[PDB]
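Just one chain is shown here, as C-alpha coordinates, and it is the form deposited in one PDB entry.
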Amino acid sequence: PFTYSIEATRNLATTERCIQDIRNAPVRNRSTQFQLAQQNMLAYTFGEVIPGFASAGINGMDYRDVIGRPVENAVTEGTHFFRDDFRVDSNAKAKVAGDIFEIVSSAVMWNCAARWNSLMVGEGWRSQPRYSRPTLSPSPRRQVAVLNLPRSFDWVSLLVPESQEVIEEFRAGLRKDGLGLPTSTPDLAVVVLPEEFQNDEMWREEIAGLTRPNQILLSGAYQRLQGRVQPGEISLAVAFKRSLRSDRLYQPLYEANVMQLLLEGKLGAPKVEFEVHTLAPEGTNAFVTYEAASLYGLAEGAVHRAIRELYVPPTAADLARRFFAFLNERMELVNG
(Lines give C-alpha, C1' and ligand atoms only; values in the text may rest on other atoms or scores of the structure.)
Protein backbone atom coordinates (compact mmCIF):
# COMPACT_ATOMS: atom_id res chain seq x y z
CA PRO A 1 0.00 0.00 0.00
CA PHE A 2 1.04 3.70 0.01
CA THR A 3 2.17 3.35 3.63
CA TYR A 4 4.47 0.34 3.94
CA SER A 5 2.80 -2.77 5.29
CA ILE A 6 4.72 -5.82 6.42
CA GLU A 7 1.57 -7.91 5.90
CA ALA A 8 0.85 -6.76 2.37
CA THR A 9 4.51 -7.30 1.57
CA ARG A 10 4.54 -10.90 2.75
CA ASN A 11 1.25 -11.46 0.93
CA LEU A 12 3.13 -10.81 -2.32
CA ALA A 13 4.11 -13.72 -4.55
CA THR A 14 7.85 -13.75 -5.14
CA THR A 15 7.51 -12.32 -8.67
CA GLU A 16 5.35 -9.44 -7.40
CA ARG A 17 8.07 -8.25 -5.04
CA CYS A 18 9.55 -4.79 -5.35
CA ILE A 19 13.09 -6.13 -5.05
CA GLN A 20 14.07 -8.95 -7.38
CA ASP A 21 17.13 -10.98 -6.36
CA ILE A 22 19.28 -11.76 -9.43
CA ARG A 23 22.57 -12.69 -7.80
CA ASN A 24 22.49 -16.25 -9.09
CA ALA A 25 21.28 -15.06 -12.49
CA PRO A 26 23.56 -12.21 -13.64
CA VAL A 27 23.56 -10.15 -16.85
CA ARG A 28 26.30 -9.52 -19.42
CA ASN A 29 28.43 -6.48 -18.62
CA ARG A 30 26.26 -5.67 -15.59
CA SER A 31 27.07 -6.11 -11.91
CA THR A 32 23.49 -5.63 -10.73
CA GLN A 33 22.71 -7.83 -7.71
CA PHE A 34 19.19 -6.62 -6.93
CA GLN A 35 16.70 -5.08 -9.36
CA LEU A 36 14.11 -2.48 -8.39
CA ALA A 37 10.97 -3.79 -10.03
CA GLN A 38 9.43 -0.48 -11.13
CA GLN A 39 6.08 -1.85 -12.17
CA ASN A 40 5.62 -3.92 -9.03
CA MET A 41 6.58 -0.91 -6.92
CA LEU A 42 3.92 1.15 -8.61
CA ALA A 43 1.38 -1.61 -8.02
CA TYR A 44 2.26 -1.91 -4.36
CA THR A 45 2.48 1.78 -3.63
CA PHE A 46 -0.22 3.24 -5.83
CA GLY A 47 -2.32 0.16 -6.43
CA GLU A 48 -5.31 1.80 -4.78
CA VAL A 49 -4.13 5.41 -4.86
CA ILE A 50 -3.95 8.07 -7.54
CA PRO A 51 -2.56 11.18 -5.80
CA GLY A 52 -4.98 14.13 -6.11
CA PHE A 53 -7.94 11.75 -6.25
CA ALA A 54 -7.26 9.99 -2.96
CA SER A 55 -7.37 11.01 0.69
CA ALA A 56 -6.98 14.60 1.91
CA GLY A 57 -3.69 13.62 3.45
CA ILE A 58 -2.22 12.36 0.18
CA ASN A 59 -3.80 14.92 -2.16
CA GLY A 60 -2.17 17.73 -0.25
CA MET A 61 1.20 16.37 0.83
CA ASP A 62 4.56 17.47 -0.59
CA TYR A 63 4.53 15.91 -4.05
CA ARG A 64 8.22 15.17 -3.59
CA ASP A 65 7.31 12.85 -0.70
CA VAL A 66 4.63 11.12 -2.80
CA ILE A 67 6.98 10.45 -5.75
CA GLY A 68 9.68 9.27 -3.36
CA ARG A 69 7.41 6.78 -1.58
CA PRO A 70 7.82 3.79 -4.00
CA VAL A 71 11.65 3.72 -3.63
CA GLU A 72 11.34 4.15 0.11
CA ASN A 73 8.97 1.15 0.32
CA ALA A 74 11.19 -1.01 -1.89
CA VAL A 75 14.30 -0.27 0.17
CA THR A 76 12.46 -1.29 3.31
CA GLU A 77 11.32 -4.51 1.67
CA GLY A 78 14.87 -5.07 0.44
CA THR A 79 16.26 -4.58 3.93
CA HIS A 80 13.74 -6.95 5.55
CA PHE A 81 14.36 -9.89 3.19
CA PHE A 82 18.08 -9.37 2.71
CA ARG A 83 19.37 -7.52 5.77
CA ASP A 84 23.06 -6.80 5.28
CA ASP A 85 23.39 -8.13 1.71
CA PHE A 86 20.89 -5.69 0.19
CA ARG A 87 22.47 -3.18 -2.17
CA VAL A 88 21.35 -1.03 -5.12
CA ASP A 89 23.34 1.58 -7.05
CA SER A 90 22.08 5.13 -6.69
CA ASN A 91 21.85 4.99 -10.48
CA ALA A 92 19.15 2.37 -10.11
CA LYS A 93 17.18 4.57 -7.68
CA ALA A 94 17.73 7.46 -10.11
CA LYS A 95 16.26 5.68 -13.14
CA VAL A 96 13.30 4.35 -11.20
CA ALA A 97 12.30 7.68 -9.55
CA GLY A 98 12.34 9.38 -12.94
CA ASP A 99 9.92 6.86 -14.39
CA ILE A 100 7.71 6.99 -11.28
CA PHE A 101 7.50 10.76 -11.52
CA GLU A 102 6.43 10.55 -15.14
CA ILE A 103 4.02 7.65 -14.78
CA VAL A 104 2.39 9.01 -11.59
CA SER A 105 2.06 12.55 -12.93
CA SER A 106 0.56 11.20 -16.16
CA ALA A 107 -1.97 9.14 -14.16
CA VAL A 108 -3.14 12.25 -12.27
CA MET A 109 -3.69 13.89 -15.64
CA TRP A 110 -5.52 10.85 -16.96
CA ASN A 111 -8.07 11.07 -14.16
CA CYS A 112 -8.40 14.85 -14.80
CA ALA A 113 -9.15 14.19 -18.44
CA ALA A 114 -11.79 11.64 -17.44
CA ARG A 115 -13.62 13.99 -15.03
CA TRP A 116 -13.24 16.77 -17.58
CA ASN A 117 -14.66 14.57 -20.36
CA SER A 118 -17.68 13.28 -18.49
CA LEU A 119 -18.49 16.92 -17.72
CA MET A 120 -18.18 17.67 -21.41
CA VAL A 121 -20.69 14.95 -22.28
CA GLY A 122 -23.41 16.24 -19.96
CA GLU A 123 -22.72 13.97 -17.01
CA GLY A 124 -22.11 16.66 -14.40
CA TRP A 125 -18.97 17.33 -12.37
CA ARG A 126 -17.76 14.61 -9.98
CA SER A 127 -17.08 15.75 -6.43
CA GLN A 128 -14.76 13.37 -4.58
CA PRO A 129 -12.35 14.82 -3.99
CA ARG A 130 -13.84 18.26 -4.59
CA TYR A 131 -12.39 20.61 -7.22
CA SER A 132 -13.78 23.90 -8.44
CA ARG A 133 -16.14 23.44 -11.38
CA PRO A 134 -14.92 24.57 -14.82
CA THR A 135 -17.04 27.39 -16.16
CA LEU A 136 -16.53 26.59 -19.84
CA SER A 137 -19.77 25.46 -21.47
CA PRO A 138 -19.79 21.64 -21.86
CA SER A 139 -19.30 20.07 -25.27
CA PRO A 140 -18.47 16.58 -26.53
CA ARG A 141 -16.30 18.36 -29.07
CA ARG A 142 -14.11 19.57 -26.20
CA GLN A 143 -13.01 16.23 -24.80
CA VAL A 144 -9.30 15.43 -24.75
CA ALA A 145 -7.05 12.40 -24.42
CA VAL A 146 -3.96 12.21 -22.20
CA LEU A 147 -1.23 10.25 -23.98
CA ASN A 148 1.77 9.06 -22.05
CA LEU A 149 4.16 8.49 -25.00
CA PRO A 150 6.50 5.45 -25.04
CA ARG A 151 10.31 5.20 -25.32
CA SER A 152 11.35 5.49 -28.99
CA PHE A 153 8.18 7.33 -30.13
CA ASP A 154 8.05 9.93 -32.94
CA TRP A 155 5.26 12.31 -32.14
CA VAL A 156 4.67 12.97 -35.85
CA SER A 157 2.95 9.58 -35.87
CA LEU A 158 -0.02 11.02 -33.94
CA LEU A 159 -0.79 13.20 -36.94
CA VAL A 160 -3.49 12.69 -39.57
CA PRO A 161 -2.06 11.15 -42.79
CA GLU A 162 -2.20 14.38 -44.80
CA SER A 163 -0.21 16.24 -42.16
CA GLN A 164 2.47 13.58 -41.94
CA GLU A 165 2.65 13.77 -45.73
CA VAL A 166 3.41 17.47 -45.64
CA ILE A 167 6.15 16.87 -43.06
CA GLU A 168 7.75 14.28 -45.37
CA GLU A 169 7.57 16.34 -48.60
CA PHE A 170 9.94 18.39 -46.46
CA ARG A 171 12.27 15.93 -44.75
CA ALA A 172 12.77 13.59 -47.67
CA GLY A 173 13.97 16.75 -49.42
CA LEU A 174 16.40 17.71 -46.66
CA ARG A 175 17.70 14.13 -46.30
CA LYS A 176 18.48 13.83 -50.02
CA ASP A 177 20.65 16.89 -49.42
CA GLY A 178 22.54 15.16 -46.62
CA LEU A 179 20.54 16.91 -43.91
CA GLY A 180 17.32 16.02 -42.11
CA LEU A 181 14.98 17.19 -39.37
CA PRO A 182 14.41 14.23 -37.03
CA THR A 183 11.73 14.35 -34.35
CA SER A 184 11.63 12.42 -31.10
CA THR A 185 8.94 12.92 -28.47
CA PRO A 186 7.78 14.82 -25.37
CA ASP A 187 7.04 12.59 -22.38
CA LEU A 188 3.33 13.23 -22.71
CA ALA A 189 0.83 14.86 -25.08
CA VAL A 190 -2.70 16.07 -24.52
CA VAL A 191 -4.82 16.04 -27.64
CA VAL A 192 -8.41 16.91 -28.53
CA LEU A 193 -10.36 13.64 -28.70
CA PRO A 194 -11.08 12.70 -32.35
CA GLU A 195 -14.72 13.02 -33.44
CA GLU A 196 -14.99 9.28 -33.96
CA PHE A 197 -14.26 8.56 -30.29
CA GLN A 198 -16.34 11.35 -28.80
CA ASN A 199 -19.06 8.94 -27.73
CA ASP A 200 -16.68 6.28 -26.39
CA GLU A 201 -16.95 5.67 -22.69
CA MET A 202 -13.35 4.71 -21.90
CA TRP A 203 -12.31 8.35 -22.15
CA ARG A 204 -14.48 9.26 -19.16
CA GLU A 205 -13.51 6.65 -16.56
CA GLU A 206 -11.14 7.40 -13.69
CA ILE A 207 -8.75 4.65 -12.59
CA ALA A 208 -8.61 3.58 -8.96
CA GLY A 209 -4.90 2.87 -8.86
CA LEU A 210 -1.78 1.98 -10.81
CA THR A 211 -2.40 -1.74 -11.03
CA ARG A 212 -0.61 -3.57 -13.80
CA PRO A 213 -3.81 -3.57 -15.90
CA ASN A 214 -4.20 0.20 -15.49
CA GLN A 215 -0.51 0.84 -16.19
CA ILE A 216 -1.05 -0.84 -19.54
CA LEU A 217 -4.31 0.93 -20.34
CA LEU A 218 -2.53 4.23 -19.71
CA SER A 219 0.80 3.41 -21.40
CA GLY A 220 -0.88 1.92 -24.45
CA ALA A 221 -3.44 4.67 -25.08
CA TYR A 222 -1.38 6.52 -27.67
CA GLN A 223 -1.85 3.59 -30.05
CA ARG A 224 -5.55 4.36 -30.37
CA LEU A 225 -4.87 7.93 -31.46
CA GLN A 226 -2.04 7.34 -33.91
CA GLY A 227 -2.79 8.91 -37.26
CA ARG A 228 -5.94 10.62 -35.97
CA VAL A 229 -4.93 14.02 -34.59
CA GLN A 230 -5.02 17.28 -36.55
CA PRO A 231 -2.01 19.61 -36.25
CA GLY A 232 -4.01 22.24 -34.34
CA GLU A 233 -5.29 19.49 -32.00
CA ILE A 234 -2.06 18.74 -30.07
CA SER A 235 -3.01 21.02 -27.21
CA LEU A 236 -0.25 20.41 -24.70
CA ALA A 237 3.15 18.67 -24.51
CA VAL A 238 4.85 17.97 -21.25
CA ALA A 239 8.36 16.87 -20.35
CA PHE A 240 8.94 15.57 -16.89
CA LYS A 241 12.29 15.88 -15.10
CA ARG A 242 12.34 14.91 -11.43
CA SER A 243 15.28 17.27 -10.83
CA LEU A 244 17.28 19.57 -13.06
CA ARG A 245 20.97 20.04 -13.80
CA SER A 246 22.14 22.75 -16.25
CA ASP A 247 23.12 20.24 -18.93
CA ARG A 248 19.89 18.26 -18.71
CA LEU A 249 17.66 21.12 -19.89
CA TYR A 250 17.95 21.09 -23.66
CA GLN A 251 16.05 18.10 -25.05
CA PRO A 252 12.73 19.68 -24.16
CA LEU A 253 13.85 23.07 -25.45
CA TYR A 254 15.14 21.61 -28.71
CA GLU A 255 12.09 19.41 -29.31
CA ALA A 256 9.77 22.32 -28.52
CA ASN A 257 11.56 24.24 -31.22
CA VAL A 258 11.24 21.54 -33.87
CA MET A 259 7.57 21.01 -32.98
CA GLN A 260 6.88 24.69 -33.51
CA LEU A 261 8.80 24.80 -36.80
CA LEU A 262 6.78 21.92 -38.13
CA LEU A 263 3.34 22.61 -36.63
CA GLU A 264 3.15 26.40 -36.76
CA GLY A 265 5.66 27.04 -39.54
CA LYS A 266 4.67 24.30 -41.97
CA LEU A 267 1.16 23.40 -40.79
CA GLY A 268 -0.40 26.70 -39.70
CA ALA A 269 -1.30 25.50 -36.21
CA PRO A 270 -1.43 28.18 -33.52
CA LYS A 271 1.23 28.44 -30.81
CA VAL A 272 2.32 25.00 -29.61
CA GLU A 273 2.08 24.75 -25.82
CA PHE A 274 4.92 22.75 -24.27
CA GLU A 275 5.93 22.78 -20.63
CA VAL A 276 8.41 21.20 -18.26
CA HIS A 277 7.63 19.85 -14.82
CA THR A 278 10.26 19.32 -12.13
CA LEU A 279 10.38 18.78 -8.39
CA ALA A 280 13.91 20.11 -7.87
CA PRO A 281 14.95 23.05 -10.07
CA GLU A 282 18.03 23.41 -7.87
CA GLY A 283 18.33 27.15 -8.43
CA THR A 284 17.18 29.79 -10.89
CA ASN A 285 19.23 29.03 -14.04
CA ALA A 286 16.48 26.85 -15.46
CA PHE A 287 13.76 29.48 -15.23
CA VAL A 288 15.87 31.92 -17.22
CA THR A 289 16.98 29.24 -19.65
CA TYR A 290 13.36 28.46 -20.45
CA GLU A 291 12.55 32.06 -21.27
CA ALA A 292 14.14 31.56 -24.66
CA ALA A 293 12.16 32.47 -27.75
CA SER A 294 11.29 29.96 -30.45
CA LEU A 295 14.14 30.07 -33.01
CA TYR A 296 12.30 29.36 -36.24
CA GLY A 297 9.72 31.98 -35.45
CA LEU A 298 12.50 34.45 -34.62
CA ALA A 299 14.63 33.91 -37.69
CA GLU A 300 11.66 33.90 -40.10
CA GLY A 301 10.10 37.26 -39.18
CA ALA A 302 4.81 37.27 -33.60
CA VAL A 303 7.40 35.34 -31.64
CA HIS A 304 6.75 33.55 -28.36
CA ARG A 305 8.57 31.25 -25.99
CA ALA A 306 9.69 27.79 -27.04
CA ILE A 307 8.72 26.56 -23.58
CA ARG A 308 5.65 28.15 -21.94
CA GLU A 309 6.62 27.54 -18.34
CA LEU A 310 8.71 25.54 -15.91
CA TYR A 311 6.24 24.26 -13.33
CA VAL A 312 7.17 22.94 -9.87
CA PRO A 313 4.09 21.07 -8.50
CA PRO A 314 3.97 21.29 -4.70
CA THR A 315 1.16 18.73 -4.28
CA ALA A 316 -0.74 16.34 -6.52
CA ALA A 317 -3.82 18.51 -5.96
CA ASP A 318 -2.05 21.53 -7.49
CA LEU A 319 -1.00 19.49 -10.52
CA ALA A 320 -4.68 18.58 -11.04
CA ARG A 321 -5.84 22.15 -10.53
CA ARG A 322 -3.23 23.48 -12.96
CA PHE A 323 -4.42 21.02 -15.59
CA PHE A 324 -8.13 21.69 -14.96
CA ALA A 325 -7.45 25.42 -15.32
CA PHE A 326 -5.40 24.92 -18.47
CA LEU A 327 -8.28 22.95 -20.04
CA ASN A 328 -10.90 25.46 -18.92
CA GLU A 329 -9.08 28.13 -20.89
CA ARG A 330 -7.49 26.24 -23.79
CA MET A 331 -10.63 24.41 -24.97
CA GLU A 332 -12.54 27.68 -25.29
CA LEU A 333 -10.80 27.84 -28.67
CA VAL A 334 -12.51 24.65 -29.76
CA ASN A 335 -15.87 25.43 -31.41
CA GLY A 336 -17.87 22.90 -29.43
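Start at 1 and count along the sequence shown; that's the residue number. Here, rigid core means the biggest group of C-alpha atoms that superpose within 1.5 Å across both forms. Only residues modelled in both forms are compared.
Only in words, not in the display: the form deposited in another entry, which the text now covers.
Core-superposed comparison between this form and the one not shown: the CA of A325 stays below a 2 Å shift. Remark: with the core as the superposition reference, the CA shift of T315 between this form and the one not shown stays below 2 Å.
Listed alone, the shifted run between this form and the one not shown is 1-23, counting only residues present in both forms whose C-alphas move 2 Å or more over at least three consecutive positions once the core is aligned.
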